[PDB]
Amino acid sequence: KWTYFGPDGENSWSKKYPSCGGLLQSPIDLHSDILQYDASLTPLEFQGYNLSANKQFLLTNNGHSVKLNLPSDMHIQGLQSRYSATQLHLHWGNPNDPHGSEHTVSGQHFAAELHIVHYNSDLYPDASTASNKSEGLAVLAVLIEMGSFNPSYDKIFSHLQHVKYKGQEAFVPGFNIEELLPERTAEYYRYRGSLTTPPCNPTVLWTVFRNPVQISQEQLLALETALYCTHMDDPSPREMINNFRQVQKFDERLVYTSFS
């Protein structure tokens, strides 16, 4: 019902998802002129991120990213409500232009970006119900650049080949999701914005960590090449690449920073 390329790509999302042409759209360029230090931005606490080695979590290719389902006892402490985990997923570019983060910093893309989606569980029963509702969602965003090999990210990437096609799923044994976060998580950008995918609801409190993580060149290439958007049996396969949204105008608004 939507893609990142061709006639169903992001300029057309607004036809069937009207919020994608509304206010508060993400992502955005985090550039120096709109940043404002805010002392009220205290460190978040990541509760229940150490997932039971004994539990298994569903990894799915639904056609737009790959998603790892997360349990609802996993949550962020430190916001105005408790926000419980629902899933994580990534965005990336392609081997010929490996710069596929959604947020940019001073106009520069990172190689990729991880999102850990949470919903307001003090108010709503599930992310679905939260997603179109006031204060419904909070996302943690990690920027990713090419560098040293990252064993923790491999705990997800080593499963990519089982979810190559739309509809495929694999079980992933629990691990400590906090290993996916960067150094100095107390340092972050914060703004009110939207889902970066349809239906683009303006209901997301964004936290983009200041510091990127690194993954190896081989890991990045595997991410960029492992997946397709199409079913195994589609005679016209489409690679899952460039699954990021272009930055949105962000006018007469600030991004708050927990650092100066």
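From 1 onward, residues are counted along the sequence shown. If you superpose the two forms and keep the largest set of C-alpha atoms that fall within 1.5 Å, you have the rigid core.
Larger root-mean-square CA separation from the shown form, computed after a rigid core fit of the structures in 9 other deposited structures of this protein, is seen for 227-235 when 227-235 is set against 42-50. Checked against the record, the higher mean CA B factor of 248-256 and 8-16 lies with 248-256.
The stretch with the higher mean CA B factor, choosing between 25-33 and 63-71, is 63-71. Per the deposited coordinates, the residue with the largest Cα temperature factor out of 181, 112, 76, 170 is 170. Looking at 82, 166, 91, 118, the one whose CA carries the top B-factor in the deposited record is 166. When the modelled residues of the chain are ordered by C-alpha B-factor, residue 235 sits in the highest third.
Per the deposited record, the Cα B-factor of residue 160 falls in the highest third when ranked against the other modelled residues of its chain. The PDB entry assigns residue 153 a C-alpha temperature factor belonging to the middle third of its chain's modelled residues. In the deposited entry, the Cα temperature factor of residue 228 places it in the highest third of its chain's modelled residues. Among the modelled residues of the chain, residue 87 sits in the lowest third by CA temperature factor in this PDB entry.
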